[PDB]
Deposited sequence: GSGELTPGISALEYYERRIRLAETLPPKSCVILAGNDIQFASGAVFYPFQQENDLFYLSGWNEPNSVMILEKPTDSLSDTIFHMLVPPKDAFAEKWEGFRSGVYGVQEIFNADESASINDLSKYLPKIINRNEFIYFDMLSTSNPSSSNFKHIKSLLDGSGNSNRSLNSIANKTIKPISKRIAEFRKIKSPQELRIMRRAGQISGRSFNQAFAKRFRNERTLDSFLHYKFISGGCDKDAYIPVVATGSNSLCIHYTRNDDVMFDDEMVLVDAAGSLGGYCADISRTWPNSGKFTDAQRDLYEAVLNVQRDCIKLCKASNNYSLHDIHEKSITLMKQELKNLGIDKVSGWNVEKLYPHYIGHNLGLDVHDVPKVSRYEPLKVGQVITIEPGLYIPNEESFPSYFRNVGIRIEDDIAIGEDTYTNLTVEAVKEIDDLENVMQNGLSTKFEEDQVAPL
């Protein structure tokens, strides 16, 4: 009885009611979808409110009076296709018509309203509607929708957990094998995601062995893997539209050396401490957490005795942010404030790292090594929930799977 994987048709209806509760009388909202360029990717604001996944379409939501029972939901679609009778019987549209009638259907709606919500600042239907609007007021709408998307419902949390569980078990199966080229490890993880139950990849992945791990945007993934190096991998799957995101690092030989042990433990110490902070009663913000992660890393660098190198402060050995919001997009809702306290229902990542250069000022057993560890965390009232907990990361658990399986 679901409409899309994990979401029922009743929740989609309740999302439209909540937005209408913030609009004045005589308003209409207009949203245009994407076109085929390639596997299709819908415009995510229109998908959040309807679940429709066909190209060349327009959605309109209208509020005639001050009562919530007079709302009207329109859809214009191409004539496998669902059709005019299917978009009402399955997707629950109040009115519908063919997309070829846009030049006569839309003007009748605009003329009888006072407020028009449209993002004036590329789809084919978008360029058409914008050309029409260049005693009424035009207003933006995209930022206002993002304040709803950042708080996940109990059903939304359950489908994100299933995608994180499938990706995490695939990592465990790769730990117990040996690979000699970056391309073989790449094609293995992709097949396990799909046969496990996911739809597709969530993003373009990283498979970087040896010195390749110093490039944050390395993507070629076609090099030979030596017996003396470690490898850094960043990849995950997606299901029903919702994304996951994971990072792990482990040695190619199957046993940690002494120098490899000391660097890995410094990164894992910071991550564990920051995850414990993710409680809504503490009143922390996302930027507060980033500031505390810088203070914790420089104490770890002092214990290693590598904190007084001329020209290499902490911002150059750890040169990126601590995390981001996660949802229908990988970098979800980037226009909300980083400086307000975190609320019950958000999902954020935690991913610190370290990267040592090839300079004589450092010990020879530390040059050209990079490490990163990342998980997905949901915020609760007086606790939290780790959505990717199946994938092991402790040193004793890692060596046990690599040697015994």
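In sequence order, the deposited residues that have no C-alpha coordinates form the ranges 1-2, 40-46, 89-98, 141-145, 159-171, 443-455.
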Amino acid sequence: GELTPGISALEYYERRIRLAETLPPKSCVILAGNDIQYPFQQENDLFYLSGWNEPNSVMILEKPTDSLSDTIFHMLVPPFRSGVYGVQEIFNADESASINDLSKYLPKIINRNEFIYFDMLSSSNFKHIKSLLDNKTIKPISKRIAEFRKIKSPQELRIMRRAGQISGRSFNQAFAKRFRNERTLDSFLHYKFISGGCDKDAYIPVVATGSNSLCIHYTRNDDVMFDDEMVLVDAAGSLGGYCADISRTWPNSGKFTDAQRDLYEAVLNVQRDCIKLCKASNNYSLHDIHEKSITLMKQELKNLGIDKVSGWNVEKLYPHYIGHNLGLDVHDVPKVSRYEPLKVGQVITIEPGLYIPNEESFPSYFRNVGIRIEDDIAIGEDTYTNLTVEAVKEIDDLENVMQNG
From here on, numbers count along this sequence of modelled residues.
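In this entry, 112-120 shows the higher mean Cα temperature factor of the pair 112-120 and 325-333. Per-stretch averaging of Cα B factors for 308-316 and 205-213 places 308-316 on top. The residue among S142, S153, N282, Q88 whose C-alpha carries the highest B-factor in the deposited model is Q88.
For the set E374, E43, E359, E340, the PDB entry assigns the largest Cα B-factor to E359. Among the modelled residues of the chain, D262 sits in the middle third by CA temperature factor in this PDB entry. The PDB entry assigns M75 a C-alpha temperature factor belonging to the highest third of its chain's modelled residues.
Per the PDB record, residue ranking by Cα B-factor puts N269 in the middle third of the chain. The PDB entry assigns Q299 a C-alpha temperature factor belonging to the middle third of its chain's modelled residues. For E54, the recorded CA B-factor ranks within the highest third of the chain. Only modelled residues enter the ranking.
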